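> Quick one, what's the 3D model for this:
(chains A, B, C, D, E, F, G, H, I, J, K, L, M, N and O, ligands or ions: 9)
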Amino acid sequence: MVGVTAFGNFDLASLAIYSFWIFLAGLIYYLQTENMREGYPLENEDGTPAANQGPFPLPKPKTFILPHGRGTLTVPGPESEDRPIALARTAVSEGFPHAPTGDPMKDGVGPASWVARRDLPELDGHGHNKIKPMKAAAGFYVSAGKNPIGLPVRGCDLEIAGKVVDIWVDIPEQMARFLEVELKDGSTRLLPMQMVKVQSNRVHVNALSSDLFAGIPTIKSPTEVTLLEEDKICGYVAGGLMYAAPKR
Amino acid sequence: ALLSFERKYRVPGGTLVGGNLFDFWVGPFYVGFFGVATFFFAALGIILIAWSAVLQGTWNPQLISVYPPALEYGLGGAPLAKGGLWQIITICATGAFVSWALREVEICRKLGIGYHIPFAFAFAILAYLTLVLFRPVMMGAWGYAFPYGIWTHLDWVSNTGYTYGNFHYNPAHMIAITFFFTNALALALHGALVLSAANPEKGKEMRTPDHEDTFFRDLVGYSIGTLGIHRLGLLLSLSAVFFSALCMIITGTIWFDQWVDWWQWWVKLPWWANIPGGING
Amino acid sequence: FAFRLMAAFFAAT
Amino acid sequence: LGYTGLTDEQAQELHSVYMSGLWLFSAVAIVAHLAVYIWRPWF
Amino acid sequence: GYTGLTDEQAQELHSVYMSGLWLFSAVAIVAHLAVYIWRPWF
Amino acid sequence: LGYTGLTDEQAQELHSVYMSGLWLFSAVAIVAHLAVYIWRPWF
Amino acid sequence: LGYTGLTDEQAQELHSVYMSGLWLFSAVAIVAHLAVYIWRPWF
Amino acid sequence: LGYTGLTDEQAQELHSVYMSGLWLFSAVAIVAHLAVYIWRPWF
Amino acid sequence: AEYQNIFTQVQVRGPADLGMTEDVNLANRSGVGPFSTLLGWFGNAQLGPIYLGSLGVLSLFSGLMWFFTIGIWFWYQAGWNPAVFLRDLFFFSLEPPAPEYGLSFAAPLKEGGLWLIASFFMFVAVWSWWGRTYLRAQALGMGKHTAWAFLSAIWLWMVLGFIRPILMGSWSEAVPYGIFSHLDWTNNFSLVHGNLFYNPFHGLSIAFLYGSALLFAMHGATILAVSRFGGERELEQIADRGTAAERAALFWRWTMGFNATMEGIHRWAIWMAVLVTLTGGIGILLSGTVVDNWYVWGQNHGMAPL
Amino acid sequence: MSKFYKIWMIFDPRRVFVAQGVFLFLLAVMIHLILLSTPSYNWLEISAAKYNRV
Amino acid sequence: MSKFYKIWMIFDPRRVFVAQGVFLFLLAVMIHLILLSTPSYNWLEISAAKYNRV
Amino acid sequence: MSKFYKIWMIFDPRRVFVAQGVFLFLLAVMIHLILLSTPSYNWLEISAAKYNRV
Amino acid sequence: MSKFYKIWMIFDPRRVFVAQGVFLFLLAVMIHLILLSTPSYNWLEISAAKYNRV
Amino acid sequence: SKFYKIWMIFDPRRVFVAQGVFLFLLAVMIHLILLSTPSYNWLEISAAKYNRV
Amino acid sequence: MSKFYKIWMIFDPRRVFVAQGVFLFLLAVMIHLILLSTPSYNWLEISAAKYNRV
Ligand code: BCL
Ligand SMILES: CC[C@H]1c2cc3[nH]c4c(c3C)C(=O)[C@H](C(=O)OC)c4c3nc(cc4[nH]c(cc(n2)[C@@H]1C)c(C(C)=O)c4C)[C@@H](C)[C@@H]3CCC(=O)OC/C=C(\C)CCC[C@H](C)CCC[C@H](C)CCCC(C)C
Ligand SMILES: COC(C)(C)C/C=C/C(C)=C/C=C/C(C)=C/C=C/C(C)=C/C=C/C=C(C)/C=C/C=C(\C)CC/C=C(\C)CCC=C(C)C
Ligand SMILES: COC(C)(C)C/C=C/C(C)=C/C=C/C(C)=C/C=C/C(C)=C/C=C/C=C(C)/C=C/C=C(\C)CC/C=C(\C)CCC=C(C)C
Ligand SMILES: COC(C)(C)C/C=C/C(C)=C/C=C/C(C)=C/C=C/C(C)=C/C=C/C=C(C)/C=C/C=C(\C)CC/C=C(\C)CCC=C(C)C
Ligand SMILES: COC(C)(C)C/C=C/C(C)=C/C=C/C(C)=C/C=C/C(C)=C/C=C/C=C(C)/C=C/C=C(\C)CC/C=C(\C)CCC=C(C)C
Ligand SMILES: COC(C)(C)C/C=C/C(C)=C/C=C/C(C)=C/C=C/C(C)=C/C=C\C=C(C)\C=C\C=C(/C)CC/C=C(\C)CCC=C(C)C
Ligand SMILES: CCCCCCCCCCCCO[C@@H]1O[C@H](CO)[C@@H](O[C@H]2O[C@H](CO)[C@@H](O)[C@H](O)[C@H]2O)[C@H](O)[C@H]1O
Ligand SMILES: [Fe+3]
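Numbering: from 1, shown residues only, chains lettered A, B, ... in the order given. Ligands and ions are numbered 1, 2, ... in the order given. Below, you will see the structure:
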């Protein structure tokens, strides 16, 4: 039985607890610095570097090697929003909202914002397209639930906006990703599965009204979707929650 | 002041109450109406705890304790020096937690994301309320609720558990513990798997989720998936807290004996209740 | 399953 | 009627053989019950 | 049939399954008789 | 037929060698049981 | 047959030395059991 | 020729050096066992 | 009224995914098992394939021996009575040898030797499974984070069953193999060492178990809330930051005043989880070997009124 | 009576065979254990009595 | 009465057979256990009392 | 008797062999342990009492 | 055993050898531990009593 | 009458499975209650009549 | 005992060597611990008693 104290009340338990406080301080520093590889250095609302950068310095850069010859990403690195953000500030001082200049859902700001991702399709471990339509997906079929092929699609304004013609599937994860909806104009749109509500007789889309499925961004190739395209589509649909409220 | 991508998201709207009066940011924080409510409640509670430290006569943060009123005060107020400070800190904390969840709802609405986070926090708040409000109300005294001290709410846990013997034998307690342990295991596995895919051995290309699925199918023959793992983590945490609240709501109100005796119903089933041998027989 | 969720064996089979 | 894709003839022959099996199982059970009741009746 | 096995395949499978079953039951009754003459339970 | 992707000749040879092993195992079991019984009968 | 994709000559040249190792192990085990039984019999 | 793709000459040289190490380790083990038996036997 | 993304509403099945063959001996990998629609309502429907190498079969057979040894002891305790076995299943216990035997291996089978046998089997099974996790990570070229995260839990397990019994000088200190038995052991361990609540490392371990629950709720809820932007595909968000990662970061930035990244939140996760068992093992190692009354230690170190 | 073979058109032979093997071995062990647990049929204790081994 | 066969159309014959077999075995085990429980019909204890084996 | 070779036609030999090995070893261990537990056949205790080793 | 060479036609040699090694090691340790458990055969205890040690 | 309309809403399969479970639980409960009362345990009554115990 | 090299025709030497090293060290530590646990062979205790250090 140890328990001899070297001084005061400082036995081995005290040594251990103070050692753990030191280790925890170091670990929290390490975790916080490792979580500053994106979004830094901090910027003023005009995009210039801010005077206050915080107690934690930025970490040393590290490079990820992308898996299909897609390149190399070094973080933290230079950061620039490669798109024309259409907002104007509502106050000269900091910490106030920036109002849209025009149509926010169309311009892609606020809840409708999208990020200028790489304009290439997501590639699985075999280098093929990860997300592809069920038609091109060999041997892929609906296993459970109501198969939503030909179900009318209802918007938040409670009117039919089109019919589902296909399901886009993530091949390795073997899960549904997008519904392809053909509108009244004969053109096609993609809708994320997370924002549709498949039901007994119809696919409900609470995010968008009927007169908004035309505004959904399209895919240049009809049998594939790139990261940028799906980012734009998902941003549009999600922004419909705030910006289609006036309709419903 | 802002992240490099933050500006295109700081648009007006999404506010539950107000809309311009409290629709702005202080530093990084979004200040809604519920932001003001939360800040006031938190500051009042913290300075009241400091005041109770002054009253108690100790400046040790570990020794500071704010006991609820004694049992003879019932469900009524008490002098600030005796039991009233606890009740004020309790209403302050309840308001702070609820307004924090509502502020989260406002932030979710502004960002156009789901409301999962405030819902989970609501589970946590409901467990807290079970411990401070619902159970003491059903037992008719604020004195059953735990004190607000670092090492004295542990004494509350100890005394409350030992009132019923070994508290391990509460079956809902067993289920909640299973969920808690499973959740910690799953969190370790998820962090490890994502980090191992994103940090391959040495100068190797970053791994795809196919490699994650392959790793876990190789290991245990199943892979719940990238979406399934986050569903599982959320459900494990929420079920853990739900069964914690359930186990405490039935203790002292539906069950009053030693919890171990509750298991006798299995050993007394008539077909085998009187077979000699084993442990109970 | 939640639609038939309003013991458990009724939804189970 | 559906729910499986079966037919009238397949379901009918399945049920006929199943009922033959049920009759045989009942015959064995009744023989056992008779032997037990003779050995020690419960009535 | 669900398994897709044809009539002859089912015939052969059942005829060998019963061939095994009868041997099993005969060994079982031999064992039961041995025990009963050893220590009857009736 | 051929769920295991084997042929009747191969299956016959496999069964023959397996039964040879089984009979050797049963023979050693018989010897051990006899030795135990003469050491201590259990009936 | 041919599950692992090997030749019968390879099977011979493998199984022979497998039995060689088995017999070596069994011989040492038998010697050990004999020595233990002499030192302190268990029957 | 084999699962590991090793030539018979390389296998032979590896076996030689491995067995040499085994004999060396066994020799030191035997020396130690004899010494400890002399100091305090277990038999 | 809105889809919460808790259960998939349409399941899709394609050809069986055999996985990535980086360095995996395809001989050891089994065939793809069945597809479970019940499991598919929540995650992947596919079962298998499972890899079975040297360490896999070693760990599987050693664990089977451990489980079977405990079960046969339980059958013995039941008097070979299946009704008694089911009635007292949770009350059976394979107990370590009594303290008078110390760390010796000369305890009778009924009084601790069978516990030593089962303990050896469990030791082999767990360490072979650890090596198996390391090797499966290595075969696919991934990092070894799973192996070290497992090593933390292995350290708590080793302290409980192996290291602390040796330091305390007797196998009787270790945990019995039984359902209610190890709960009784836990409660008695707390009582003997004077309210383990006042062990600082028990307190930190609880802090981190609560923190793991908090953090996995936060992370799962956050990813589900941004799954409408493909947020559950976290590796691509690490490689090419989309609007899901930005919205998650900004949610927690506007709520807490600070945030994580798609990659660093998993560092938070792994450390929060491993600290549970790391701190817990330290505390259990200290209990008895250094401090035998944690309440008196507390009183002498603040933490409790004199 | 002599037309039961059609049962094999319902279930996979492997599944029914493994299920019945598991069932039969479990039933055999269950009955042997029931006999061991009853002192009037524990053949080991019975032989111990009949040969004065205790 | 003779039209019962059509139930095989509504119900899956495989699952019906499996669940029915499980129910039958559980029922038979339950009844044999009732008989073992009662000292009046516990045939093991009955035979032991008849042949004076205890 | 001889037409049982067809089981190897319907079952994978490798999995059957693995299961057989596991089953036989578990059965042997279980029986040896049962004999050890019964004092009438605990050959170690029997030898000890016969040779006055305790 | 001149027809037992066919195992290596269905079983990978590495799997068989590792399984044999694992089984033999575990069995050997189990038996040695059983012997150490029995005071009649605990060779360390036997030699301790034989040579008046502690 | 017009009762067959009840099959136009509820799935026949789950209705039949629920009915089977309900009927089995009720029959088991009724027989067990009859056993619990000593005046209707037919095994006990037969033992008393034939002087079995 | 001569035609044993063919193992290296099927076993990777690296895995074999790490397994052998781990096995040897674990076995050695296990045996040393068993001797230390038994008071007869606790050589520190033997020395302390022999040289009267207590
Ligand atoms: C009356 C009881 C005492 C008490 C006595 C103890 C004792 C004793 C201990 C704890 C420990 C802990 N206590 Mg406590 N504890 C008390 C009250 C609490 C309360 C509460 C609100 O009252 C909480 C939340 C806790 C929580 C905790 C945890 C933080 C900690 C357990 C960590 C863990 O995950 O281990 C679980 C994980 C493991 C044990 C490791 C598992 C890893 C191994 C390898 C698993 C292998 C699996 C095996 C091979 C089987 C395989 C299965 C098949 C493959 C499927 N205690 C009271 C005061 N507590 C432990 C601790 O950490 O001490 C500081 C501990 O030893
Ligand atoms: C339901 C699953 C788990 C969970 C989930 C969860 N917790 C959450 C969230 C979620 C989803 C948030 O979004 C929210 C958050 O913002 O996290 C960073 C939060 C949060 N969970 C927190 C803590 C926390 N969660 C816990 C538990 C859990 N949280 C569950 C296990 C615990 C435990 C078990 O002890 C703690 C300590 C905070 C970090 C944060 C909520 C912050 C908040 O409410 O802000 C407003 C209030 C204050 C700033 C402080 C008010 C102080 C009072 C006025 C005075 C003090 C009163 C108190 C009663 C004293 C206590 C004394 C002693 C008991 C110590
Ligand atoms: C509690 O109850 C107790 C335990 C007390 C009593 C209960 C006892 C019970 C229920 C016992 C049950 C016992 C049973 C069912 C035992 C069955 C034993 C069997 C079936 C043993 C069979 C063994 C077969 C063996 C050993 C065969 C080995 C054959 C080989 C090694 C041959 C190798 C095969 C080759 C080479 C095939 C390759 C061929 C080709 C063409 C490649
Ligand atoms: C609780 O119950 C107790 C434990 C008390 C009693 C129960 C005991 C039981 C159940 C015992 C069971 C015993 C059994 C099943 C023993 C079986 C033993 C066997 C089959 C052992 C086989 C050993 C084979 C050995 C040791 C082979 C060794 C080979 C070498 C050392 C070198 C081999 C290298 C070769 C062959 C090169 C080949 C490679 C090429 C490319 C030709
Ligand atoms: C509780 O139970 C107790 C412990 C009481 C009783 C149980 C006892 C048991 C189960 C004991 C088991 C003992 C066993 C199985 C012992 C086996 C020992 C062996 C096989 C040891 C082998 C040692 C081999 C050594 C040390 C070889 C070393 C070789 C080298 C250093 C040479 C390196 C050569 C290389 C790297 C080849 C490179 C060549 C080329 C061409 C690349
Ligand atoms: C303590 O006091 C107590 C509780 C015991 C007293 C209280 C007693 C109470 C509350 C009793 C309540 C009793 C109730 C509610 C009884 C209800 C009984 C029912 C609903 C019985 C119905 C049985 C229906 C049967 C047996 C139908 C069988 C039909 C077939 C076997 C034909 C199968 C055909 C099917 C399933 C579909 C046909 C379709 C095609 C294509 C053929
Ligand atoms: C019908 O049922 C059958 C028989 C077929 C199967 C049933 C099996 C049953 C009923 C299994 C029940 C298993 C149970 C209840 C397992 C419970 C396990 C628990 C709760 C374990 C809890 C803690 C265990 C710990 C912490 C173990 C720690 C062990 C170590 C750290 C390694 C120990 C190694 C030691 C002590 C040294 C060993 C080395 C030698 C040389 C003896
Ligand atoms: C929180 C992390 C930073 C900790 C401080 C940085 C140094 C790390 C090592 C510090 C180790 C010594 O830490 C110091 O130990 C002595 C040992 O009696 C403690 O003890 C001292 O104060 C306590 C409390 O008033 C008295 O009961 C005690 O008699 C007195 O000696 C101190 O309260 C502690 O501060
Ligand atoms: Fe994640």
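> all strands for chain J, in order.
Here chain J has no strands by DSSP state E.
> Point me to the residue of it nearest ligand 2.
Distances between chain J and ligand 2 by CB to the nearest ligand atom are smallest at residue J:22, namely 41.0 Å. Just so you know, the C-beta spots here come from the backbone N, C-alpha and C atoms, and that holds for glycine as well.
> Could you give the backbone dihedrals for residue I:134?
With angles defined as degrees, to the nearest 10, residue I:134 sits at phi -60, psi -50.
> Now do the contacts for the closest residue to chain K within chain J.
Proximity of chain J to chain K (CB to the nearest CB) peaks at residue J:40, 3.8 Å away. Neighbouring residues of residue J:40 by CB atoms under 8 Å, 6 or more residues apart in numbering or on different chains: K:44, K:45, K:47, K:48, K:53, K:54.
> Touching, the fifth one and residue K:47? I think so.
Yep, that's residue K:53 we're talking about. Yes - because the distance of 7.5 Å satisfies CB atoms under 8 Å, residue K:53 is recorded as touching residue K:47.
> Excluding chain neighbours, give the residue nearest to residue I:263 in space.
What sits nearest to residue I:263 in space, not counting adjacent residues and going by CB to CB, 6 or more residues apart in numbering or on different chains, is residue I:238, at 4.7 Å.
> which residues touch the one you found?
Neighbouring residues of residue I:238 by CB under 8 Å, 6+ apart: A:64, B:198, B:206, I:261, I:262, I:263.
> Equivalent analysis for residue I:89, please.
I:74, I:179.
> Return the backbone torsion pair for it.
Dihedral angles (degrees, to the nearest 10) for residue I:89: phi -60, psi -40.
> element containing residue A:74?
Assigned by DSSP states H and E, residue A:74 falls within strand A:72-75.
> Would that strand count as contacting chain I?
Yes - residues of strand A:72-75 contacting chain I under CB under 8 Å from any CB of the partner chain: residue A:73.
> name the helices or strands packed onto the next helix or strand after that strand?
Counting by DSSP H and E, the next helix or strand C-terminal to strand A:72-75 is strand A:87-89. If contacts are counted by 3 or more CB pairs under 8 Å, 6 or more residues apart in numbering or on different chains; DSSP states H and E, strand A:87-89 sits against strand A:98-100.
> got the contact list for the strand it packs on?
Contacts of strand A:98-100 (CB under 8 Å, 6+ apart): A:45, A:86-90, A:107, A:109-110, B:7, B:10-12.
> for chain N, what are the nearby residues on chain C?
Residues of chain C lying near chain N (CB under 8 Å from any CB): C:4, C:9, C:10, C:13.
> just to revisit the earlier point, right, and out of the contacts of strand A:98-100, which lies closest to residue D:30?
residue A:110 (78.6 Å; CB to CB).
> sorry, back to before: any idea how far residue B:125 is from the residue of chain J closest to ligand 2?
49 Å (CB to CB, to the nearest Å).
> In terms of neighbours, single out the busier of the two.
residue B:125 (18 against 10; other CB atoms under 10 Å in any protein chain shown).
> Show me where chain J has its helices.
Along chain J, the stretches classed as helices by DSSP state H are J:13-37, J:43-50.
> Please apply the same query to chain C.
Using DSSP H, helices in chain C cover C:9-12.
> Tell me the residue of it that sits nearest chain O?
Counting by CB to the nearest CB, chain C gets nearest chain O through residue C:12, at 46.8 Å.
> do the same with chain J
For chain J, CB to the nearest CB, closest residue to chain O: residue J:14, 31.3 Å.
> I figured that residue hits residue L:9, correct?
No - in this structure residue J:14 lies outside contact range of residue L:9 using CB under 8 Å: 11.3 Å.
> Please enumerate the shared neighbours of these two.
residue F:3.
> the more surrounded of those two?
Using other CB under 10 Å, the more surrounded residue of residue J:14 and residue L:9 is residue L:9, with 19 against 14.
> and residue J:6, how many neighbours?
Around residue J:6 there are 18 residues (other CB under 10 Å).
> just residue A:62 next, same as before
So residue A:62, with other CB under 10 Å, has 13 neighbours.
> got it, and residue I:18?
Counted with other CB under 10 Å, residue I:18 comes out at 15.
> How about residue I:211?
19.
> Then the one 3 residues further on?
Here the count is done by other CB under 10 Å, and residue I:214 has 17 residues near it.
> do you know how far it is from residue B:49?
Counting by CB to CB - residue I:214 and residue B:49 are separated by 22 Å.
> So which bits of chain B are right by chain A?
B:1-14, B:23-27, B:109-113, B:198, B:203-211, B:213, B:225-227.
> If we check chain K, which of those residues are in contact?
Answer for the residues of chain B next to chain A near chain K: none qualify (CB under 8 Å from any CB).
> hmm, which of the residues you listed are the buried ones?
The neighbour count (16 or more other CB atoms under 10 Å in any protein chain shown) marks B:1-14, B:23-25, B:109-113, B:198, B:206-211, B:213, B:225-227 as buried among these.
> taking those one by one, which sit in helices?
Per DSSP H, these map to helices at B:109, B:110, B:111, B:198, B:209, B:210, B:211, B:213, B:226, B:227.
> Any chance of those in a markdown table with distance to ligand 1 as columns?
Shown next, in a markdown table, are these (distance: CB to the nearest ligand atom, whole Å):
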| residue | distance to ligand 1 |
| --- | --- |
| B:109 | 35 |
| B:110 | 36 |
| B:111 | 33 |
| B:198 | 25 |
| B:209 | 25 |
| B:210 | 25 |
| B:211 | 23 |
| B:213 | 20 |
| B:226 | 23 |
| B:227 | 24 |
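> Which one of these is nearest to ligand 7?
residue B:213 (30.3 Å).
> What residues does the spatially closest residue to that closest one that is not a sequence neighbour make contact with?
Nearest non-adjacent residue to residue B:213, counting by CB to CB, 6+ apart: residue B:223, 4.2 Å away. Contact partners of residue B:223, counting by CB under 8 Å, 6+ apart, are B:212, B:213, B:214, B:216, B:217, I:43, I:44, I:46.
> burial measure for the first one, as a count.
Burial of residue B:212 is recorded as 26 neighbouring residues (other CB under 10 Å).
> ok, now residue C:4?
10.
> For the nearest residue to it once chain neighbours are set aside, give its distance to chain K.
Closest residue in space to residue C:4, ignoring its immediate chain neighbours: residue C:11 at 4.8 Å, by CB to CB, 6+ apart. With distances taken as CB to the nearest CB, to the nearest Å, residue C:11 is found 16 Å from chain K.
> how close does residue B:18 get to residue I:256?
Applying CB to CB to residue B:18 and residue I:256 gives a distance of 21 Å.
> scratch that, residue I:203 is what I was asking about
24 Å.
> Residue I:250 too?
11 Å.
> swap in residue I:86?
Residue I:86 is 51 Å from residue I:256, by CB to CB.
> which stretches of chain I form helices?
Under DSSP H, chain I gives helices at I:37-40, I:54-77, I:82-87, I:113-139, I:145-158, I:164-168, I:179-192, I:200-225, I:234-239, I:243-256, I:264-286, I:294-300.
> Please dump the ones you listed into JSON lines; it should also carry distance to ligand 6 for every row.
Shown next, in JSON lines, are the helices of chain I (distance: least, CB to the nearest ligand atom, whole Å):
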{"stretch": "helix I:37-40", "distance to ligand 6": "24"}
{"stretch": "helix I:54-77", "distance to ligand 6": "38"}
{"stretch": "helix I:82-87", "distance to ligand 6": "27"}
{"stretch": "helix I:113-139", "distance to ligand 6": "48"}
{"stretch": "helix I:145-158", "distance to ligand 6": "50"}
{"stretch": "helix I:164-168", "distance to ligand 6": "55"}
{"stretch": "helix I:179-192", "distance to ligand 6": "34"}
{"stretch": "helix I:200-225", "distance to ligand 6": "41"}
{"stretch": "helix I:234-239", "distance to ligand 6": "49"}
{"stretch": "helix I:243-256", "distance to ligand 6": "50"}
{"stretch": "helix I:264-286", "distance to ligand 6": "50"}
{"stretch": "helix I:294-300", "distance to ligand 6": "53"}
